[PDB]
Structures are given as structure tokens and as C-alpha cells.
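Structure file data.pdb (PDB, N, CA and C atoms) follows.
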ATOM      1  N   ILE A   1     -72.823 -10.771   3.677
ATOM      2  CA  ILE A   1     -71.566 -11.505   3.706
ATOM      3  C   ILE A   1     -71.446 -12.232   2.373
ATOM      4  N   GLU A   2     -70.589 -11.723   1.497
ATOM      5  CA  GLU A   2     -70.356 -12.367   0.212
ATOM      6  C   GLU A   2     -69.341 -13.490   0.381
ATOM      7  N   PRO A   3     -69.682 -14.731   0.034
ATOM      8  CA  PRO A   3     -68.713 -15.823   0.169
ATOM      9  C   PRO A   3     -67.509 -15.616  -0.736
ATOM     10  N   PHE A   4     -66.353 -16.062  -0.256
ATOM     11  CA  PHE A   4     -65.100 -15.999  -1.004
ATOM     12  C   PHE A   4     -64.756 -17.416  -1.451
ATOM     13  N   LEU A   5     -65.085 -17.737  -2.697
ATOM     14  CA  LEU A   5     -64.869 -19.069  -3.235
ATOM     15  C   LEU A   5     -63.496 -19.141  -3.903
ATOM     16  N   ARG A   6     -63.200 -20.274  -4.538
ATOM     17  CA  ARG A   6     -61.920 -20.461  -5.209
ATOM     18  C   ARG A   6     -61.853 -19.769  -6.563
ATOM     19  N   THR A   7     -62.976 -19.257  -7.069
ATOM     20  CA  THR A   7     -63.005 -18.545  -8.336
ATOM     21  C   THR A   7     -63.278 -17.057  -8.184
ATOM     22  N   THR A   8     -63.671 -16.602  -6.995
ATOM     23  CA  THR A   8     -63.947 -15.180  -6.790
ATOM     24  C   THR A   8     -62.734 -14.285  -7.026
ATOM     25  N   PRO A   9     -61.543 -14.566  -6.488
ATOM     26  CA  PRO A   9     -60.413 -13.647  -6.701
ATOM     27  C   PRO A   9     -59.991 -13.618  -8.164
ATOM     28  N   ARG A  10     -59.682 -12.416  -8.659
ATOM     29  CA  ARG A  10     -59.207 -12.168 -10.008
ATOM     30  C   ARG A  10     -57.820 -11.536  -9.977
ATOM     31  N   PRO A  11     -57.011 -11.741 -11.015
ATOM     32  CA  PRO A  11     -55.674 -11.140 -11.032
ATOM     33  C   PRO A  11     -55.738  -9.622 -11.088
ATOM     34  N   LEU A  12     -54.728  -8.992 -10.494
ATOM     35  CA  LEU A  12     -54.663  -7.539 -10.462
ATOM     36  C   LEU A  12     -54.428  -6.977 -11.861
ATOM     37  N   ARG A  13     -54.942  -5.772 -12.089
ATOM     38  CA  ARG A  13     -54.875  -5.114 -13.389
ATOM     39  C   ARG A  13     -53.723  -4.115 -13.377
ATOM     40  N   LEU A  14     -52.624  -4.472 -14.037
ATOM     41  CA  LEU A  14     -51.468  -3.588 -14.107
ATOM     42  C   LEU A  14     -51.735  -2.441 -15.080
ATOM     43  N   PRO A  15     -51.219  -1.248 -14.797
ATOM     44  CA  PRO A  15     -51.423  -0.122 -15.712
ATOM     45  C   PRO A  15     -50.639  -0.298 -17.003
ATOM     46  N   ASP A  16     -51.118   0.374 -18.044
ATOM     47  CA  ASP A  16     -50.515   0.325 -19.366
ATOM     48  C   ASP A  16     -49.835   1.651 -19.685
ATOM     49  N   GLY A  17     -48.966   1.612 -20.692
ATOM     50  CA  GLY A  17     -48.234   2.783 -21.113
ATOM     51  C   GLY A  17     -46.811   2.456 -21.512
ATOM     52  N   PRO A  18     -45.952   3.478 -21.560
ATOM     53  CA  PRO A  18     -44.555   3.234 -21.910
ATOM     54  C   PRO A  18     -43.863   2.423 -20.831
ATOM     55  N   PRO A  19     -42.828   1.661 -21.185
ATOM     56  CA  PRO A  19     -42.116   0.873 -20.174
ATOM     57  C   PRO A  19     -41.430   1.765 -19.150
ATOM     58  N   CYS A  20     -41.332   1.255 -17.926
ATOM     59  CA  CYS A  20     -40.693   1.992 -16.849
ATOM     60  C   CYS A  20     -39.180   2.031 -17.047
ATOM     61  N   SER A  21     -38.550   3.027 -16.431
ATOM     62  CA  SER A  21     -37.115   3.235 -16.535
ATOM     63  C   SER A  21     -36.478   3.191 -15.153
ATOM     64  N   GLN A  22     -35.165   2.977 -15.138
ATOM     65  CA  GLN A  22     -34.424   2.907 -13.887
ATOM     66  C   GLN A  22     -34.447   4.253 -13.175
ATOM     67  N   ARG A  23     -34.625   4.213 -11.849
ATOM     68  CA  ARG A  23     -34.681   5.440 -11.065
ATOM     69  C   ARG A  23     -33.870   5.346  -9.776
ATOM     70  N   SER A  24     -32.916   4.424  -9.695
ATOM     71  CA  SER A  24     -32.081   4.311  -8.512
ATOM     72  C   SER A  24     -31.025   5.413  -8.498
ATOM     73  N   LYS A  25     -30.448   5.637  -7.315
ATOM     74  CA  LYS A  25     -29.426   6.667  -7.175
ATOM     75  C   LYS A  25     -28.093   6.251  -7.782
ATOM     76  N   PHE A  26     -27.876   4.956  -7.993
ATOM     77  CA  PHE A  26     -26.641   4.475  -8.595
ATOM     78  C   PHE A  26     -26.908   3.130  -9.254
ATOM     79  N   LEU A  27     -26.003   2.745 -10.149
ATOM     80  CA  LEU A  27     -26.134   1.472 -10.844
ATOM     81  C   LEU A  27     -26.008   0.314  -9.862
ATOM     82  N   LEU A  28     -26.795  -0.735 -10.094
ATOM     83  CA  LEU A  28     -26.823  -1.896  -9.214
ATOM     84  C   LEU A  28     -26.266  -3.142  -9.889
ATOM     85  N   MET A  29     -26.809  -3.521 -11.044
ATOM     86  CA  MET A  29     -26.380  -4.733 -11.729
ATOM     87  C   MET A  29     -25.237  -4.487 -12.703
ATOM     88  N   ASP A  30     -25.196  -3.315 -13.333
ATOM     89  CA  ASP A  30     -24.209  -3.007 -14.357
ATOM     90  C   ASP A  30     -23.001  -2.257 -13.812
ATOM     91  N   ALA A  31     -22.910  -2.086 -12.496
ATOM     92  CA  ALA A  31     -21.807  -1.335 -11.914
ATOM     93  C   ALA A  31     -20.483  -2.063 -12.120
ATOM     94  N   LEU A  32     -19.446  -1.299 -12.453
ATOM     95  CA  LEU A  32     -18.098  -1.817 -12.631
ATOM     96  C   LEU A  32     -17.160  -1.104 -11.668
ATOM     97  N   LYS A  33     -16.250  -1.862 -11.063
ATOM     98  CA  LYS A  33     -15.383  -1.358 -10.009
ATOM     99  C   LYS A  33     -13.925  -1.426 -10.438
ATOM    100  N   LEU A  34     -13.174  -0.376 -10.113
ATOM    101  CA  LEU A  34     -11.721  -0.380 -10.231
ATOM    102  C   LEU A  34     -11.146  -0.650  -8.846
ATOM    103  N   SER A  35     -10.400  -1.741  -8.710
ATOM    104  CA  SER A  35     -10.025  -2.266  -7.405
ATOM    105  C   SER A  35      -8.525  -2.155  -7.172
ATOM    106  N   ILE A  36      -8.158  -1.812  -5.936
ATOM    107  CA  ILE A  36      -6.775  -1.813  -5.482
ATOM    108  C   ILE A  36      -6.703  -2.590  -4.173
ATOM    109  N   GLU A  37      -5.508  -3.096  -3.877
ATOM    110  CA  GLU A  37      -5.271  -3.923  -2.694
ATOM    111  C   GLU A  37      -4.620  -3.060  -1.619
ATOM    112  N   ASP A  38      -5.423  -2.607  -0.667
ATOM    113  CA  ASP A  38      -4.909  -1.808   0.440
ATOM    114  C   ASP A  38      -4.268  -2.720   1.481
ATOM    115  N   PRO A  39      -3.006  -2.491   1.845
ATOM    116  CA  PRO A  39      -2.368  -3.338   2.862
ATOM    117  C   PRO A  39      -2.864  -3.042   4.268
ATOM    118  N   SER A  40      -2.274  -3.712   5.262
ATOM    119  CA  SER A  40      -2.714  -3.540   6.644
ATOM    120  C   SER A  40      -2.483  -2.115   7.133
ATOM    121  N   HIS A  41      -1.347  -1.522   6.775
ATOM    122  CA  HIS A  41      -1.013  -0.176   7.217
ATOM    123  C   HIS A  41      -1.761   0.846   6.362
ATOM    124  N   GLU A  42      -1.363   2.118   6.479
ATOM    125  CA  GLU A  42      -1.945   3.258   5.768
ATOM    126  C   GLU A  42      -3.470   3.210   5.764
ATOM    127  N   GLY A  43      -4.070   3.324   6.947
ATOM    128  CA  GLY A  43      -5.513   3.245   7.056
ATOM    129  C   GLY A  43      -6.217   4.325   6.259
ATOM    130  N   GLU A  44      -7.483   4.054   5.953
ATOM    131  CA  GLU A  44      -8.273   4.909   5.073
ATOM    132  C   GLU A  44      -8.532   6.249   5.748
ATOM    133  N   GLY A  45      -7.856   7.294   5.275
ATOM    134  CA  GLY A  45      -8.054   8.621   5.819
ATOM    135  C   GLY A  45      -8.609   9.614   4.818
ATOM    136  N   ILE A  46      -8.252   9.453   3.547
ATOM    137  CA  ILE A  46      -8.716  10.353   2.492
ATOM    138  C   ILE A  46      -9.208   9.527   1.310
ATOM    139  N   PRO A  47     -10.430   9.763   0.820
ATOM    140  CA  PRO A  47     -10.916   8.995  -0.335
ATOM    141  C   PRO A  47     -10.456   9.534  -1.678
ATOM    142  N   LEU A  48     -10.105  10.819  -1.766
ATOM    143  CA  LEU A  48      -9.711  11.393  -3.049
ATOM    144  C   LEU A  48      -8.450  10.729  -3.590
ATOM    145  N   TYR A  49      -7.459  10.501  -2.728
ATOM    146  CA  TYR A  49      -6.230   9.859  -3.180
ATOM    147  C   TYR A  49      -6.464   8.400  -3.548
ATOM    148  N   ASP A  50      -7.358   7.713  -2.833
ATOM    149  CA  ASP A  50      -7.709   6.349  -3.214
ATOM    150  C   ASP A  50      -8.361   6.316  -4.590
ATOM    151  N   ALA A  51      -9.258   7.266  -4.861
ATOM    152  CA  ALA A  51      -9.869   7.350  -6.185
ATOM    153  C   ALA A  51      -8.826   7.644  -7.255
TER     154      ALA A  51
ATOM    155  N   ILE B   1      73.596   0.132  -3.941
ATOM    156  CA  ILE B   1      72.460  -0.777  -3.999
ATOM    157  C   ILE B   1      72.455  -1.564  -2.695
ATOM    158  N   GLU B   2      71.536  -1.220  -1.802
ATOM    159  CA  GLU B   2      71.405  -1.940  -0.542
ATOM    160  C   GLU B   2      70.566  -3.193  -0.754
ATOM    161  N   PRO B   3      71.087  -4.382  -0.455
ATOM    162  CA  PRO B   3      70.289  -5.599  -0.632
ATOM    163  C   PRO B   3      69.072  -5.607   0.278
ATOM    164  N   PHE B   4      67.991  -6.199  -0.219
ATOM    165  CA  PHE B   4      66.746  -6.349   0.528
ATOM    166  C   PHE B   4      66.617  -7.818   0.921
ATOM    167  N   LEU B   5      66.995  -8.133   2.155
ATOM    168  CA  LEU B   5      66.980  -9.502   2.642
ATOM    169  C   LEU B   5      65.635  -9.801   3.305
ATOM    170  N   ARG B   6      65.512 -10.989   3.896
ATOM    171  CA  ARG B   6      64.277 -11.386   4.557
ATOM    172  C   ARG B   6      64.116 -10.763   5.937
ATOM    173  N   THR B   7      65.152 -10.112   6.462
ATOM    174  CA  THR B   7      65.081  -9.451   7.756
ATOM    175  C   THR B   7      65.131  -7.933   7.661
ATOM    176  N   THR B   8      65.448  -7.382   6.490
ATOM    177  CA  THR B   8      65.510  -5.928   6.340
ATOM    178  C   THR B   8      64.180  -5.231   6.608
ATOM    179  N   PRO B   9      63.042  -5.665   6.058
ATOM    180  CA  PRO B   9      61.789  -4.930   6.305
ATOM    181  C   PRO B   9      61.373  -5.018   7.766
ATOM    182  N   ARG B  10      60.894  -3.894   8.307
ATOM    183  CA  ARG B  10      60.392  -3.771   9.663
ATOM    184  C   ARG B  10      58.927  -3.349   9.655
ATOM    185  N   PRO B  11      58.162  -3.710  10.683
ATOM    186  CA  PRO B  11      56.750  -3.314  10.721
ATOM    187  C   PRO B  11      56.591  -1.807  10.835
ATOM    188  N   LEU B  12      55.496  -1.309  10.263
ATOM    189  CA  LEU B  12      55.219   0.119  10.288
ATOM    190  C   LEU B  12      54.910   0.586  11.706
ATOM    191  N   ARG B  13      55.242   1.845  11.980
ATOM    192  CA  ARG B  13      55.082   2.436  13.304
ATOM    193  C   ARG B  13      53.796   3.254  13.329
ATOM    194  N   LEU B  14      52.765   2.714  13.972
ATOM    195  CA  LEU B  14      51.492   3.414  14.074
ATOM    196  C   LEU B  14      51.591   4.551  15.091
ATOM    197  N   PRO B  15      50.905   5.665  14.854
ATOM    198  CA  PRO B  15      50.944   6.774  15.811
ATOM    199  C   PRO B  15      50.200   6.436  17.093
ATOM    200  N   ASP B  16      50.580   7.131  18.159
ATOM    201  CA  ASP B  16      49.996   6.944  19.478
ATOM    202  C   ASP B  16      49.129   8.141  19.845
ATOM    203  N   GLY B  17      48.279   7.938  20.849
ATOM    204  CA  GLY B  17      47.386   8.972  21.313
ATOM    205  C   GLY B  17      46.028   8.425  21.697
ATOM    206  N   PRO B  18      45.028   9.305  21.784
ATOM    207  CA  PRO B  18      43.684   8.845  22.122
ATOM    208  C   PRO B  18      43.115   7.982  21.012
ATOM    209  N   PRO B  19      42.204   7.064  21.336
ATOM    210  CA  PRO B  19      41.611   6.218  20.294
ATOM    211  C   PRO B  19      40.797   7.037  19.304
ATOM    212  N   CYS B  20      40.770   6.564  18.061
ATOM    213  CA  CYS B  20      40.025   7.240  17.013
ATOM    214  C   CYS B  20      38.523   7.048  17.210
ATOM    215  N   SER B  21      37.751   7.963  16.632
ATOM    216  CA  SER B  21      36.301   7.952  16.741
ATOM    217  C   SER B  21      35.672   7.867  15.356
ATOM    218  N   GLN B  22      34.405   7.462  15.333
ATOM    219  CA  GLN B  22      33.676   7.332  14.079
ATOM    220  C   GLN B  22      33.497   8.693  13.418
ATOM    221  N   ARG B  23      33.674   8.728  12.093
ATOM    222  CA  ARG B  23      33.546   9.979  11.355
ATOM    223  C   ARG B  23      32.752   9.815  10.063
ATOM    224  N   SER B  24      31.944   8.767   9.946
ATOM    225  CA  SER B  24      31.129   8.577   8.759
ATOM    226  C   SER B  24      29.922   9.510   8.784
ATOM    227  N   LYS B  25      29.314   9.692   7.611
ATOM    228  CA  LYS B  25      28.151  10.564   7.508
ATOM    229  C   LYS B  25      26.897   9.934   8.097
ATOM    230  N   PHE B  26      26.873   8.613   8.258
ATOM    231  CA  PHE B  26      25.725   7.934   8.840
ATOM    232  C   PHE B  26      26.189   6.619   9.448
ATOM    233  N   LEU B  27      25.355   6.072  10.328
ATOM    234  CA  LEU B  27      25.675   4.807  10.974
ATOM    235  C   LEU B  27      25.716   3.681   9.949
ATOM    236  N   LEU B  28      26.651   2.751  10.141
ATOM    237  CA  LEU B  28      26.846   1.641   9.217
ATOM    238  C   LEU B  28      26.481   0.302   9.844
ATOM    239  N   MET B  29      27.080  -0.036  10.984
ATOM    240  CA  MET B  29      26.836  -1.323  11.623
ATOM    241  C   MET B  29      25.674  -1.285  12.605
ATOM    242  N   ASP B  30      25.463  -0.157  13.277
ATOM    243  CA  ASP B  30      24.446  -0.038  14.311
ATOM    244  C   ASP B  30      23.139   0.547  13.793
ATOM    245  N   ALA B  31      23.017   0.752  12.485
ATOM    246  CA  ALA B  31      21.813   1.354  11.931
ATOM    247  C   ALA B  31      20.612   0.432  12.106
ATOM    248  N   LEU B  32      19.476   1.022  12.467
ATOM    249  CA  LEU B  32      18.219   0.304  12.623
ATOM    250  C   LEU B  32      17.182   0.907  11.687
ATOM    251  N   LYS B  33      16.392   0.045  11.052
ATOM    252  CA  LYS B  33      15.455   0.457  10.017
ATOM    253  C   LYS B  33      14.024   0.159  10.441
ATOM    254  N   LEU B  34      13.125   1.097  10.156
ATOM    255  CA  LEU B  34      11.689   0.875  10.272
ATOM    256  C   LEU B  34      11.155   0.576   8.878
ATOM    257  N   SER B  35      10.577  -0.607   8.699
ATOM    258  CA  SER B  35      10.277  -1.131   7.374
ATOM    259  C   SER B  35       8.776  -1.235   7.144
ATOM    260  N   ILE B  36       8.358  -0.903   5.921
ATOM    261  CA  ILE B  36       6.989  -1.091   5.465
ATOM    262  C   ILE B  36       7.026  -1.820   4.128
ATOM    263  N   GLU B  37       5.918  -2.485   3.811
ATOM    264  CA  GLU B  37       5.799  -3.293   2.598
ATOM    265  C   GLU B  37       5.024  -2.495   1.555
ATOM    266  N   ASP B  38       5.749  -1.893   0.622
ATOM    267  CA  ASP B  38       5.116  -1.138  -0.454
ATOM    268  C   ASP B  38       4.613  -2.095  -1.530
ATOM    269  N   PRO B  39       3.329  -2.041  -1.887
ATOM    270  CA  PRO B  39       2.817  -2.932  -2.936
ATOM    271  C   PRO B  39       3.260  -2.513  -4.329
ATOM    272  N   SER B  40       2.771  -3.226  -5.349
ATOM    273  CA  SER B  40       3.174  -2.939  -6.722
ATOM    274  C   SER B  40       2.733  -1.547  -7.158
ATOM    275  N   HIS B  41       1.525  -1.141  -6.779
ATOM    276  CA  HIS B  41       0.993   0.157  -7.170
ATOM    277  C   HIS B  41       1.587   1.245  -6.275
ATOM    278  N   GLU B  42       1.004   2.448  -6.345
ATOM    279  CA  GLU B  42       1.415   3.633  -5.590
ATOM    280  C   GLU B  42       2.931   3.812  -5.586
ATOM    281  N   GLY B  43       3.503   4.056  -6.764
ATOM    282  CA  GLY B  43       4.941   4.194  -6.874
ATOM    283  C   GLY B  43       5.482   5.336  -6.034
ATOM    284  N   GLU B  44       6.776   5.243  -5.739
ATOM    285  CA  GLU B  44       7.435   6.171  -4.825
ATOM    286  C   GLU B  44       7.490   7.559  -5.449
ATOM    287  N   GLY B  45       6.669   8.474  -4.938
ATOM    288  CA  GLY B  45       6.669   9.837  -5.430
ATOM    289  C   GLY B  45       7.076  10.861  -4.391
ATOM    290  N   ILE B  46       6.751  10.603  -3.128
ATOM    291  CA  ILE B  46       7.082  11.520  -2.039
ATOM    292  C   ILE B  46       7.696  10.731  -0.888
ATOM    293  N   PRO B  47       8.871  11.127  -0.388
ATOM    294  CA  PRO B  47       9.471  10.396   0.737
ATOM    295  C   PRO B  47       8.941  10.811   2.099
ATOM    296  N   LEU B  48       8.404  12.025   2.235
ATOM    297  CA  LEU B  48       7.936  12.486   3.539
ATOM    298  C   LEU B  48       6.791  11.624   4.053
ATOM    299  N   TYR B  49       5.839  11.284   3.181
ATOM    300  CA  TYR B  49       4.721  10.452   3.606
ATOM    301  C   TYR B  49       5.168   9.031   3.919
ATOM    302  N   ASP B  50       6.150   8.510   3.180
ATOM    303  CA  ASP B  50       6.700   7.199   3.509
ATOM    304  C   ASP B  50       7.356   7.211   4.884
ATOM    305  N   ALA B  51       8.104   8.272   5.193
ATOM    306  CA  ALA B  51       8.702   8.396   6.518
ATOM    307  C   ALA B  51       7.631   8.492   7.598
TER     308      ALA B  51
END
Could I get this file's structure written as C-alpha cells?
Amino acid sequence: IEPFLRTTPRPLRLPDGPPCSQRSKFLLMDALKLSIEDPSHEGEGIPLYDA
Amino acid sequence: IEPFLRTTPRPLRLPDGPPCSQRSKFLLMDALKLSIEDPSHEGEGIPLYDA
């Protein structure tokens, strides 16, 4: 039984190499939206015309 | 020259018979409208979809 003192734990060793790149399916922080104001009527039936 | 006094003119004689009926191309006083609020965008291009 090895005692676990306040100095035994050490920080994790992160791997080295080239910096990582974005791999999400779509932009998250830099996304820009073109917005329109849909009224109460004409419910959403087709997305192509909205685009 | 026949003088035209204040009693010479007589009222016009309207024809008699059955009462006249409406003959306009569309209703004028009794017309009823179904109304929608078109926003600034999506300008009027097709009337069938609006109907």
C-alpha cells in the first residue's frame, strides 16, 4: 500500500507536436446568420425557399 | 322663341317595369376580404400562393 501524500500526484503529460485543428461538423463561434422575420402565418413547409 | 318661365320645366319621366339588377363585374358594397400581413421582404411575385 503506497501512501498518497500531498506531493505524490504529478501533472499530466500532454503530447507534443503540431497544434490541433478544428474538426467539428459546422462552425460554432465564427458562424454568421442571415435572418428573416417569419410572421405567424405561412408555417415552415419548405427550407429551400427560406434559404 | 318660346319663353322659359319658372313653371315651364317638368320632371323627367322614368321608365316603368321590373326593378333593375346589379350588372357590375364584381361586388362593390357587399365584398368581403380575407387579409394577410405581408412583411417588407418576400415581394409580390405570384398571386396564387397569396390566395
Original post:
What does the distance from atom CA of residue 43 of chain B to atom CA of residue 30 of chain B come to in Å, to one decimal?
Top reply: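 Separation of atom CA of residue 43 of chain B and atom CA of residue 30 of chain B: 29.1 Å.
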**OP:** Up to 8 Å from chain B, what residues of chain A turn up? Count all atoms listed in the file and give them as number ranges by chain.
**Re:** A: 37, 39, 41
**OP:** Select from chain B everything DSSP, run on the backbone, classes as helix (DSSP H, G or I), then give the selection as a PyMOL selection string.
**Re:** chain B and resi 47-50
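Going from atom C of residue 44 of chain A over to atom CA of residue 46 of chain B, you cover 18.2 Å.
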